[PDB]
Each structure stands twice: as structure tokens, then as C-alpha cells.
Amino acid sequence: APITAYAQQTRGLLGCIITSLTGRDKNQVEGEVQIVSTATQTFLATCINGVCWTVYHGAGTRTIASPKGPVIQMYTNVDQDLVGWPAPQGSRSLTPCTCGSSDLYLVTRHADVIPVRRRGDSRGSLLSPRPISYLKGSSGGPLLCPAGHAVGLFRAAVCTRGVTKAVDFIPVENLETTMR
């Protein structure tokens, strides 16, 4: 029905660092979008089709911490700026959109849903523009169509005087492509 989201924090700075190094994450996993961090940075990773995806410009070739030690990427496509690990035990996966709608909804790291109008294959504009600091940490977040299906992954922002009006995204089809 309507898209609504909530955030829960599962680790603090100290625990994250230890975990980054041990590469062992024992915590249970839930939800469709994971909030992820490195040493320098935080972003989002979306689970689509059993795979947890995010942007390359954040994850690099990095492994993901898991209950069984580090886990290696399953897909790495530098040109697409896409990376994927097998989706954690207990996450849930988004369905790729097939309605071709132009009314998009970006899900931010603060668990807000913001309207976005499609204007191309890989670009959309914010109906209510926002401060760039608000979108900070949201790269990798999903863009849903009105049925809550994944249309794409937020990749980059077009900002002007610190205010963001459009967002570039990796479209789901590029995921499927990357999957072959």
C-alpha cells in the first residue's frame, strides 16, 4: 500500500570499527536496506533479488562483515558504480519494478520517503528540493515506484548552492545486466 519506513541503529562507532577489523558481525539482520559504514564513510545498501547492493564509490572492492567472517563481493562493475554481496541472513529483498511508472520515491538513511519525478533513464528531480547535508549518507538507497518496487539505486546528487534538485541513479536493469 503506501511506502513507510523506519530506521534502527544497531552499532555505535566503537563497535563498528572493531567489526570492520574482525570482519565478524554476529548481530541479526532485518529489513530491505542496510545502513553501512567504512572507516571514512556511511551509506546505504539495498537488497534486491537476494543480493545486497551498493555503490562502488563507497564500498570499493571491500568485503562485508558477517556472522562467518568477511564476505567477498559477488558482483563488481566499476563503470556502473555498482557492487553486490549475497544478501545477509535475515534481510528481505525488494522486487524490481515492472510498471514503468515515472513517479519515484527515494528512501533516505533517515527513513524518510521523498517524491522524485523521473526525467530520463538514470535521472530524476526532487519535487521538494533538500539541503545536501540531508541526503548525506543516503547513496545506495532505493528509488521505489508507487507499488514499492525497486526502480533504481540513488548514485549521485545534483546540487546548486548546497541545495539538491535532481538525483542520478543506477536503474534496476543495470543490476540485472550486472547479474549476467
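In this text, residue numbers run from 1 along the sequence as written.
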(request) May I ask you to compare 115-123 and 133-141 by their mean CA B factor in the entry and name the higher one? (result) 115-123
(request) Using only the Cα atoms and their B-factors as the entry lists them, report which of 104-112 and 73-81 averages higher. (result) 73-81
(request) In terms of CA temperature factor as recorded, identify the highest of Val36, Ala39, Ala147, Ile64. (result) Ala39
(request) Within this chain's modelled residues, let me know which third the CA B factor of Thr22 belongs to: lowest, middle or highest. (result) middle
(request) Consider only the C-alpha atoms of the modelled residues in this chain, order them by B-factor as the entry records it, and name the third containing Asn49: lowest, middle or highest. (result) middle
(request) For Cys99, return the chain-relative third of its C-alpha B-factor as stated in the PDB record: lowest, middle or highest. (result) highest
